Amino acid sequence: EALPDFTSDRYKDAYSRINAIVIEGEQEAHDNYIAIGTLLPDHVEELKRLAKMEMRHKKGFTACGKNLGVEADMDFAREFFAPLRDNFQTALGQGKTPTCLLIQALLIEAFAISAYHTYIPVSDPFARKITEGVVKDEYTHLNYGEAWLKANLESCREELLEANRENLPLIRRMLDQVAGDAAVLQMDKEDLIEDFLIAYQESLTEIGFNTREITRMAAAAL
């Protein structure tokens, strides 16, 4: 729990990768909400609003890197998201709204929430304020996904179980891949996992899944 030395070569190196992941994630989130507008034309003005929030998030996190004198490793970041991005693209192409929403509005928003929650107490004063701004918006995004999936659950149960089976392991893999750099940032991987699972389980509960269903799903991470 002691704060890192934000000025060290060790810290900056780790930050170059973690910062890039966040910046790429925010851009992809923008792109994803806009793409979901093609599937839900009647939601376009709300999705545009969510997409605009993501660009604000991206600008803020970009400024966090600049503030520490770090250059973001964007190639690393693009590779990091590729497996999940490919799955989102595949679902979009097939018109699989429930899967697109599970990927972006549940899994990724829960991952971000957990990351940002865990980062705040060990963040530098500039980044801390930016990150504290963003976490409220994550709940808005989660709530948007939750509401649509809740309203449509009975037509998409099976697809959501499939989407979870395929994509939850990818979040696990991402956590495994980021954990070393996150530890340099004084973030405990066990905190990241706990917060992610709590957020995701709470979203599934809101949508209408029962305890047994959620347990069977969280297990897919296997």
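The numbering used is simple: start at 1 and walk along the sequence shown.
Participant: Mean CA B-factor: is it higher for 76 to 84 or for 127 to 135?
Facilitator: So the stretch with the higher mean C-alpha B-factor is 127 to 135.
Participant: Going by the CA temperature factor in the PDB record, which third of the chain does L102 belong to: lowest, middle or highest?
Facilitator: Answer is lowest: the recorded C-alpha B-factor places it there.
Participant: Could you place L192 in the lowest, middle or highest third of its chain by Cα temperature factor, using the values in the record?
Facilitator: Middle third.
Participant: Please rank the C-alpha B-factors of the chain's modelled residues and tell me whether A151 sits in the lowest, middle or highest third.
Facilitator: Ranked within chain, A151 CA B lands in the highest tercile.
Participant: Hey, what third does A115 fall into on Cα B-factor, ranked over its chain?
Facilitator: Tercile = highest for this residue's CA B-factor.
Participant: Of the three thirds of its chain by CA temperature factor, lowest, middle or highest, which one includes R212?
Facilitator: It belongs to the highest third of the chain when residues are ordered by C-alpha B-factor.
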